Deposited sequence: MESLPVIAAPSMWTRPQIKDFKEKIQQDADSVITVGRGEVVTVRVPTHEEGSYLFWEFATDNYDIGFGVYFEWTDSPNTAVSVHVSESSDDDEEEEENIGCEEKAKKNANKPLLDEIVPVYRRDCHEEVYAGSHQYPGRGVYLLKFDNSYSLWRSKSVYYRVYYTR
């Protein structure tokens, strides 16, 4: 079937951001009421997905879906995360060949844009 993911946190948020900042495409700017989907294909040489993310001043909705290759599976349901006080991270086991959809939901914010610091991984 489909394996449950693990999700955790850690306090080194200023450290994390400084490493990520150095990369151009590892920092997204989600606008007012915006929803930025990040399509992360399964690596043919991989069996697990990992993710790290954070923001600077405000929270943001975050969840993860899985697209089979339009059949979807809700890996992590989209709820708001306090990724501005601690670094949010998690892992999940590939169920097959597909594309992970990392949702950064801001639809609920009428005035504030969110500066997302993120990075994705994989393990053999």
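Note: segments 1 to 5, 75 to 111 of the deposited sequence have no C-alpha coordinates in the structure.
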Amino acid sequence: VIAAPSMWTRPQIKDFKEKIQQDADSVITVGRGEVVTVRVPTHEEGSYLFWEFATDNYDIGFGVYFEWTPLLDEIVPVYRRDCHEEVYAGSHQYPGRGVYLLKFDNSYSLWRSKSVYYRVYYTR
From here on, numbers count along this sequence of modelled residues.
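Basically, rigid core = biggest C-alpha set you can superpose within 1.5 Å across the two forms.
Averaged over structures and residues, the CA distance from the shown form in 8 other deposited structures of this protein after a core fit is larger for 39 to 47, of the two stretches 59 to 67 and 39 to 47. Taking the mean C-alpha B-factor of each stretch as recorded, 87 to 95 and 23 to 31 are not equal, and the higher mean is that of 23 to 31. In this entry, the higher average B-factor at the C-alpha atoms falls on 41 to 49, of the pair 41 to 49 and 59 to 67. The PDB entry assigns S113 a C-alpha temperature factor belonging to the middle third of its chain's modelled residues.
When the modelled residues of the chain are ordered by C-alpha B-factor, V120 sits in the middle third.
Among the modelled residues of the chain, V1 sits in the highest third by CA temperature factor in this PDB entry.
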